[PDB]
Enquirer: 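The structure under discussion is supplied below as structure tokens; questions concerning it will follow.
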Amino acid sequence: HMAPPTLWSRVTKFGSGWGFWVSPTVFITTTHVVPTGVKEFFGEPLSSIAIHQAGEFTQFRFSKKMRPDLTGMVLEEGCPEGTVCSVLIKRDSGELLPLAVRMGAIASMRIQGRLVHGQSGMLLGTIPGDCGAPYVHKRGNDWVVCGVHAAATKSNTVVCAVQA
Ligand SMILES: [Cl-]
Ligand SMILES: [Cl-]
């Protein structure tokens, strides 16, 4: 299934990587790309944002509609093993590099000392800078997002962080 422009428009440069607008108020990203010590995100004070971070998965819920042009999509905790997702990688150049990935198992893993609650997959390459890119798949009418890019083997195996 081919990701349409509006879906790409959700993928947003953020910190040392990317994040993704799940809806007008909900933004997801990979914890380690998130800027630390700041007092606002997208011009909104922390106080106005509900933040939950665990297992390298970060979710922001804003009090205000930040992307009022968007519809809300389904966010799931990973996907069924065997599902082929697309990782919607934007590069700093502007290039779009959707990568097809056959997903494997969900697991709590230690990767370079960090606890990642995630899902591994095999590419059917990712680089530093790509973390936070969304893993998506289409089910019926609806695109589903089920993780954010977190790691890859040197090899090729990729891992996305998934929500509790
Ligand atoms: Cl775009
Ligand atoms: Cl499914």
Side-chain angles (χ1 to χ4, degrees), residues 1-3 7-23 25-36 38 41-42 49-62 70 72-92 95-109 111-140 142-153 155-164:
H1 291 99
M2 164 80 180
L7 186 60
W8 280 107
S9 85
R10 297 171 182 259
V11 180
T12 305
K13 184 70 183 97
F14 192 71
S16 53
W18 305 82
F20 182 74
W21 292 100
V22 174
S23 66
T25 58
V26 175
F27 187 79
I28 64 173
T29 182
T30 299
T31 302
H32 72 264
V33 311
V34 178
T36 64
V38 298
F41 292 107
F42 295 114
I49 312 169
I51 302 177
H52 298 78
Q53 304 184 106
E56 281 297 302
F57 189 93
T58 286
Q59 173 183 296
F60 291 167
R61 184 181 299 271
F62 289 89
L70 291 178
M73 53 189 282
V74 170
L75 165 67
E76 283 177 353
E77 179 189 351
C79 54
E81 297 184 4
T83 299
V84 178
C85 282
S86 192
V87 186
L88 302 187
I89 290 174
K90 290 185 167 176
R91 290 282 160 77
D92 273 341
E95 178 184 6
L96 308 181
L97 180 63
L99 300 182
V101 183
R102 185 181 303 291
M103 303 304 293
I106 297 166
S108 279
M109 302 161 280
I111 299 179
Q112 300 187 331
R114 300 289 282 275
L115 178 62
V116 184
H117 181 64
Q119 190 166 9
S120 66
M122 194 175 60
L123 292 179
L124 297 181
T126 51
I127 64 184
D130 288 347
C131 282
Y135 282 50
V136 303
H137 69 278
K138 200 184 185 178
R139 168 212 289 153
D142 296 324
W143 287 92
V144 176
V145 55
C146 63
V148 291
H149 187 64
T153 57
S155 307
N156 182 257
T157 297
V158 293
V159 176
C160 61
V162 307
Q163 185 171 66

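Each residue takes its place number in the sequence, starting with 1. The figures here come from the full heavy-atom set of this structure, side chains too, leaving out hydrogens, waters and symmetry mates.
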Enquirer: If you measure from the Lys or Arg side-chain nitrogens to the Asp or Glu carboxylate oxygens, is any gap between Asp130 and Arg91 under 4.0 Å?
Expert: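 The answer is yes: the pair qualifies as a salt bridge.
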Enquirer: Take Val159 and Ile111 through the side-chain contact (heavy atoms from CB on, under 4.5 Å) test and state the conclusion after the steps.
Expert: CA-CA 10 Å; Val159 176; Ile111 299 179; 4.1 Å; yes
Enquirer: Evaluate the side-chain hydrogen bond (donor to acceptor under 3.5 Å, both in side chains) criterion for residues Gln163 and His117: first the C-alpha distance (whole Å), next the side-chain angles of each, then the deciding distance (0.1 Å), finally the verdict.
Expert: CA-CA 8 Å; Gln163 185 171 66; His117 181 64; over 6 Å; no
Enquirer: Please check this pair: side chain of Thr12 against backbone of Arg10, looking for a donor-acceptor N/O pair closer than 3.5 Å.
Expert: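 Yes.
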Enquirer: Using every non-hydrogen atom in the two residues, find where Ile106 and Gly78 come nearest and quote the distance to one decimal.
Expert: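 Taking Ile106 first and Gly78 second, the nearest heavy atoms are CD1-CA, 4.1 Å.
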Enquirer: Other residues, nucleotides and ligands only: do more than 12 of their heavy atoms fall within 6.0 Å of CE on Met73?
Expert: yes
Enquirer: Are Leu115 and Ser108 packed together at the side-chain level, in the sense that at least one heavy-atom pair is separated by less than 4.5 angstrom?
Expert: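 SC-SC contact between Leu115 and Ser108 confirmed.
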Enquirer: Please report the closest heavy-atom contact between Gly72 and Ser23, naming both atoms and the distance.
Expert: CA-CB, 3.7 Å
Enquirer: Tell me the closest heavy-atom pair linking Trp8 and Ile89, and the distance in Å.
Expert: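 Scanning both residues completely, I find the closest heavy atoms to be CZ3-O, 3.5 Å.
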Enquirer: Give the minimum heavy-atom separation between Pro98 and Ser86, together with the two atoms involved.
Expert: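 Reported closest heavy-atom pair: CB-OG, 3.7 Å.
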Enquirer: Do the non-hydrogen side-chain atoms of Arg114 and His32 ever get within less than 4.5 Å of each other?
Expert: yes
Enquirer: Are any side-chain N or O atoms of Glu76 and backbone N or O atoms of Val145, one a donor and one an acceptor, separated by less than 3.5 Å?
Expert: no
Enquirer: Before we go on, tell me: are the rings of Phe14 and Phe42 under 6.0 Å apart, centre to centre?
Expert: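 Yes, close enough.
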Enquirer: Is the centre of the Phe60 ring less than 6.0 Å from the centre of the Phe41 ring?
Expert: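 Yes, the ring of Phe60 comes within the 6.0 Å limit of the ring of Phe41, centre to centre.
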Enquirer: If you round to the nearest 0.5 Å, how far is OG1 of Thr31 from CD of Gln59?
Expert: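 Spacing of CD (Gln59) from OG1 (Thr31) equals 11.5 Å.
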Enquirer: What verdict does the side-chain contact (heavy atoms from CB on, under 4.5 Å) test give for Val136 and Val144, after you've listed the backbone C-alpha separation in whole Å, the side-chain angles of each residue and the deciding distance to 0.1 Å?
Expert: CA-CA 5 Å; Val136 303; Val144 176; over 6 Å; no
Enquirer: Run the side-chain contact (heavy atoms from CB on, under 4.5 Å) test on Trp143 and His1 for me, step by step, so that the C-alpha distance in whole Å, both residues' side-chain angles and the decisive distance to 0.1 Å come before the verdict.
Expert: CA-CA 10 Å; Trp143 287 92; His1 291 99; 3.7 Å; yes
Enquirer: Mind listing the closest non-hydrogen atom pair of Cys146 and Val162 along with its distance?
Expert: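 Answer, listing the atom of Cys146 first, then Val162: O-CG1, 3.3 Å.
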Enquirer: A side-chain contact here means heavy atoms from C-beta on lying under 4.5 Å apart; do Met103 and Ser120 qualify?
Expert: no
Enquirer: For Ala100 and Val84, work out which heavy atoms get closest and say how close.
Expert: CB-CG1, 4.3 Å
Enquirer: Assess the residue pair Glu95 and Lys90 against the criterion (salt bridge (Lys or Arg N to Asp or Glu O under 4.0 Å)); give the C-alpha distance rounded to whole Å, side-chain angles, the decisive distance to 0.1 Å, and a yes or no.
Expert: CA-CA 6 Å; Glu95 178 184 6; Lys90 290 185 167 176; over 6 Å; no
Enquirer: In Å, rounded to the nearest 0.5 Å, how long is the span from CD1 of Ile28 to CG of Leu75?
Expert: 5.0 Å
Enquirer: Without swapping roles, check the side chain of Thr29 against the backbone of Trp18 for a donor-acceptor pair under 3.5 Å.
Expert: yes
